Amino acid sequence: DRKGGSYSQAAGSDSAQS
Amino acid sequence: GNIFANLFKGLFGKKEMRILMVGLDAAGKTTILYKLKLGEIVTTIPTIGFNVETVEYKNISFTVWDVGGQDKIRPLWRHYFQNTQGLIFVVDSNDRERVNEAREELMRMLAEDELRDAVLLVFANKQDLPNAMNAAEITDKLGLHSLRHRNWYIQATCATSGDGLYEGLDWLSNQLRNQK
Amino acid sequence: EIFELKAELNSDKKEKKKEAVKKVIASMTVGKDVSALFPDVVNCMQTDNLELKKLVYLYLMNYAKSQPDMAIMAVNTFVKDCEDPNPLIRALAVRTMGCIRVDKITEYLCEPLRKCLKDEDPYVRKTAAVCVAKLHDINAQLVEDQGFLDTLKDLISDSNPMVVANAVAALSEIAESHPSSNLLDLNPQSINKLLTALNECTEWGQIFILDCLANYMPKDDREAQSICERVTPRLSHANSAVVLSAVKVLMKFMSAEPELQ
Amino acid sequence: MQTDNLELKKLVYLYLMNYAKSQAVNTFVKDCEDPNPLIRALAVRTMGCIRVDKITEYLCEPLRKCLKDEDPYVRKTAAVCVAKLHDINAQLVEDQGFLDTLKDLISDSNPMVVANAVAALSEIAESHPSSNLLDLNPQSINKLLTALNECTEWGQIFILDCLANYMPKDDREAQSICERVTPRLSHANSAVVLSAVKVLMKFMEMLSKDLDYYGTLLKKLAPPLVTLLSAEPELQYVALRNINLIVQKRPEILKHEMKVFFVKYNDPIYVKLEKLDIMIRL
Amino acid sequence: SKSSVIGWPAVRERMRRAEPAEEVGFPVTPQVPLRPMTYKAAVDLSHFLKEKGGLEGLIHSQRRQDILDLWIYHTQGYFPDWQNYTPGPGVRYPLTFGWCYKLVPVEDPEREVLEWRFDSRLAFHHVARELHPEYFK
Amino acid sequence: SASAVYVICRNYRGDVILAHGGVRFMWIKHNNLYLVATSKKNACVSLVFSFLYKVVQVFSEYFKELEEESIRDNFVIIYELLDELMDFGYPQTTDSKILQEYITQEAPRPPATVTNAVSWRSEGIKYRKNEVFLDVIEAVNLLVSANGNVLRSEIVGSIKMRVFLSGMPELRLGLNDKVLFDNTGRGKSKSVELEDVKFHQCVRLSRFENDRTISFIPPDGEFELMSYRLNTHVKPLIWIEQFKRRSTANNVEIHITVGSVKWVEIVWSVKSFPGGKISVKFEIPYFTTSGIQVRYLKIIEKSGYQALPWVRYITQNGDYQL
Amino acid sequence: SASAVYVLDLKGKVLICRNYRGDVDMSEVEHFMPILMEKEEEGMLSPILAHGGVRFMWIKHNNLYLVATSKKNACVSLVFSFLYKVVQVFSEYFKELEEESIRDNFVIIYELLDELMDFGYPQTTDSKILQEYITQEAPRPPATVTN
């Protein structure tokens, strides 16, 4: 855990925009 | 027979694979190959002969054999047809007058029965000028949908920026390797 | 045999490639017409190992006039090899480029020749001097267009006495085939400079250095006396040709082997 | 002085620089040919740092040798030393003919070295009487812009200062200059944004308000001012002064910027006073 | 996907209840992945909707589309931006490639009645991209 | 055009914001000392301030504390850093990480990164894993007048990422920007309308200007890539006489029933403040007031590897004074 | 000015050849053996032969005759000196001068022949110096040759 919000994984790009 | 050594090699990665680099002259093929091998935009004179290099990515040694687009070197592509596993076609959207010639050359090269297991690999090079088309207009002009029994994939790569090369490499790996 | 050799040469294993290259070299030296496999060996040309590169270059030189059309697939390789950091590789590439007797290949070799003409490596300088002379012999008009005469003339006026001697020999060879027009003759300063490097030249370079004076004609007794005084030390050379060259030079300015007898 | 250890050499050079006017040519000449680029750069910096009239005369040869140094750090050090020598002795620099070498520096690779050469040329021309100006045609400006996108934060200011002296003569050239300076407004450095704003304001003297370029420039300049207004308190006074200077010229850009002009409770006196003036002007 | 199957009936019921024509903040699930929907994921979702029904032929409405997008984002972490339709008048193609759902007229494009219709060719042909190359970059 | 930078002193021109006659003494106040840099010509005051800020940042990176104890203890490296930073009044290098490879307090040739265009990503960096941790720090600044209305209510975004990967990846940052959504045609969902976006040196200005493409090579360590800044027209999260109940404002400190009240002003210190329950020090993590959600991060490397990007959103109170 | 240096044998077979100028056809070596036989049987045999417009100047080794074809007015003394230098180099590298090593050490022999003379002009003749750049069991050449 970590104060200030748990770190979340990030995507690679807009998959819905090609 | 025993295949324990093969399993041990595959546990850490054994397959390497191959690839080919063909297309018209001044199409960014040399720059793309340099970026894939080194990662820098190096300016070079037109490729009189050919360039052979390898790229190690995802535990696969992707050997690339760059081929120029010179008129005197166009008929020499048949030499590389022996012991070839991949083939990459680089389009030049900035040369409207050369589009027909490139299409004719691709058709002539694509009409060979020796190169059948090599899936299609179309790269949209020179993705830096406003005159470049999209990822569908070029495919429609080239008629890639009419290539029966051919696994083609349209990918746009910018020589100046380098974006889209990773996607093309991943697509090539997925087409070549059919495992987890 | 031929099919097996082609398959071995078209393999991705260096261990089999080296054996195939050795076998191909032996077959050519054994008296086997291996010119039909020249295009096959063309694929296995850009190799990191220097052992196979020399054999490939030798095969290409020996199989260049036989298949001039198939030799068009080596200009890029030669250009790439002309910029290798290793002086030995650059020298080998320069020697191989000039060894190819192809009319359509020397046109594109001018740029590498121009680049290697001013090479800091004395071996590279000598190789460039040899290549320029070879190109001039193959195509005098191409050499004249490339303007290599000026570079060759400055070669005698540069360091690396071996390179200076090589440049002098190349200039003498070019002028020998030349119609005497625009002769490369030099004033007494050039002769004195050559004599200065004459004492530092090797046994082979001594002949080259002494041949240049064979064309110069002295006009004064002081110049002839100085030339004789400088050529006097050449009579104490263990090489028979150096002594003979010195004797001939002295004559112009004025117990060996049975074969040399 | 001639020590192999680099730790003592730097201290010795610093002491000599600090004890040069109060009270080494061979040592500098020997150090000017060291294979290590760091040693050569240090020697070049120390040679120019010495404020001695009788020493700069013999330093021209090492400066000439290091002017065409292949090392980009060596090239930058040589450019700095040439400018220092010109400031110390303009006549000696002119005699050495370093202006031609400096001009070609902008037309060479190593964008950091090119920016350093441009800054040195600007400094030399700043002290020059305007005679034989180092101005260049649109090709030079385009080349600088090409290396502008590769320049660092410090080099960006140097690259933008050169355009401050050039005066556009056509709307197409002014439009291209504005288009190229537009990306500079998205720089995290406050000075880079301010330099881009100043360059745009200077170029606007030749732009046509009839075209949409002037409106786009005006619209794209307000967000930059708003961002600069949230800088450090020390830079707050500078931002306020810049706004006041540009307020009297183009008051239609920041017409709707009134909430951001409010003085904060913890704002400094130099910023609180400027906030009232900004509010009065707007 | 058991969760998707369970949410499909409730989502369909909510969409049917809403006619065809209070809390602030943007809470985020801790560690919940958020990314745009992929072409394969969109195709799988379209196939599941077609098999389960309730989406093909349903009258297109802004509230129903928003509810469906919110449910999809909650159940999968996909941003509610890939469920876009091409501008009218006429048949609106999906903005995201791989989506098998499209809007077709049922009778100003805003007042035209539209209904969701399955389209297998959408996952293979980029109709939206071809129609609007600028929108696709 | 500074003449001599002094804290220790290091003259740059030798020709020598206060003004001692014809010489201007422009400097800022540090934690314990004022870095006064004398100048005589019409030098760029903004340039001097930027140089001072860069020097302060370099000192903070090299020395964990900015006090007089390190000034008299780290002179050997401090002098070298000062000499290398600026020559003739013109700074040339400002990267602390890059500068750490040429000047050390405990010398080989300078790295090619400074000479090369990419001076913010050291080449050859290799790690066992490729993990980049992002930090979407929220800054809620509210200027509420005594009449009860809010005058200055601006929220400034801050994307700080701690990149730790192998090689020189070219990150392609992608979020749900309003301009990007409008350009792509998706200007109907929740899109962040950032009035001002300040990219770092790694982000290419041309790419962002062309098609809003945020592509840049991240550095090695923690750095600020982008700094958004847009106005806010929503109600305040905390009303002092409103945030979502799902968010908890950890360490609520309202400087003047629940929470400890201690007088040092009266510090209304609250450990945890559930949603729906003078400067406030509220810091509610996992709450994005602006609603901007990161879309993708194009991690591309020449060698080729599978990155594991990570990021967290933290909402804190900035200039939230009443 | 030798055109091609070749190594023959006692049976007329060329052990190894290395052209230097290429101005002489490689098939001219065939007539060298009959010419030598005719010269020997008539008492006119000499180390320097002449196949029409091409001179075949060579010496007799322990087991093979190192015939070096030439066409121009090359220095005969220079050719003899080069042949002697080559023989000395072979003796230094190979303890025996026989046909057993010609067919066994071609890999190094070819390299030595190529490095020794270029375009008919020899450049290096020191066996000890040459041993640091060409080996039968490659780094930059030593500076001694350049020096």
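Order as written gives the chain letters A, B, C, D, E, F and G; numbering starts at 1 within each chain.
As a convention for this text, a contact is a pair of C-beta atoms (placed from the backbone, for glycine too) under 8 Å apart; a residue touches a chain by one contact, two chains touch by 3 or more.
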| item | value |
| --- | --- |
| Result of counting contacting C-beta pairs for E-F and A-E, higher pair | E-F |
| Chain at maximum distance from chain B, centres defined as averaged CA atoms | G |
| Where chain A and chain B are represented by their mean Cα positions, the distance between them in whole Å | 32 |
| Inter-chain centre distance, chain A versus chain D - centres from mean C-alpha coordinates, in Å | 40 |
| Centre-to-centre distance between chain G and chain E (centres being mean Cα positions), rounded to whole Å | 85 |
| Of all residues in chain F, the ones touching two or more other chains | 172, 184, 186, 286-287, 294-296, 298, 313 |
| Shared-contact residues (touching 2 or more other chains) in chain A | 5-6, 8-15, 17-18 |
| For chain B, residues contacting two or more additional chains | 135 |
| Interfacial residue positions of chain F with respect to chain E in the complex | 176, 181, 183-186, 188-190, 211, 234-235, 242-247, 275, 286-289, 291, 293-296, 313 |
| Residues of chain E that touch chain A when the two form their complex | 28, 30-39, 41-42, 79, 81-82, 95-97, 126, 129, 136-137 |
| Contact footprint of chain C on chain B as seen in their complex | 45, 47-52, 72, 76, 79-80, 82-83 |
| Residues of chain D touching chain F in the complex | 6-7, 10-11, 14, 17-18, 21, 36-38, 41-42, 45, 48-49, 51, 71-73, 76-77, 80, 83-84, 87, 110-112, 116, 119-120, 123, 149-150, 152-154, 157-158, 182-184, 186-191, 194-195, 223-224, 226-227, 230, 232, 234-235, 237-238, 259-260, 262, 264-265 |
| Chain F residues within the chain D interface of the complex | 11, 13-14, 17, 28, 44-47, 49-51, 53-54, 76, 79-80, 83, 87-88, 90-94, 102, 107-110, 114-115, 117, 119, 143, 151-152, 154, 156, 195-201, 203-206, 208-209, 224, 227, 229, 319, 321 |
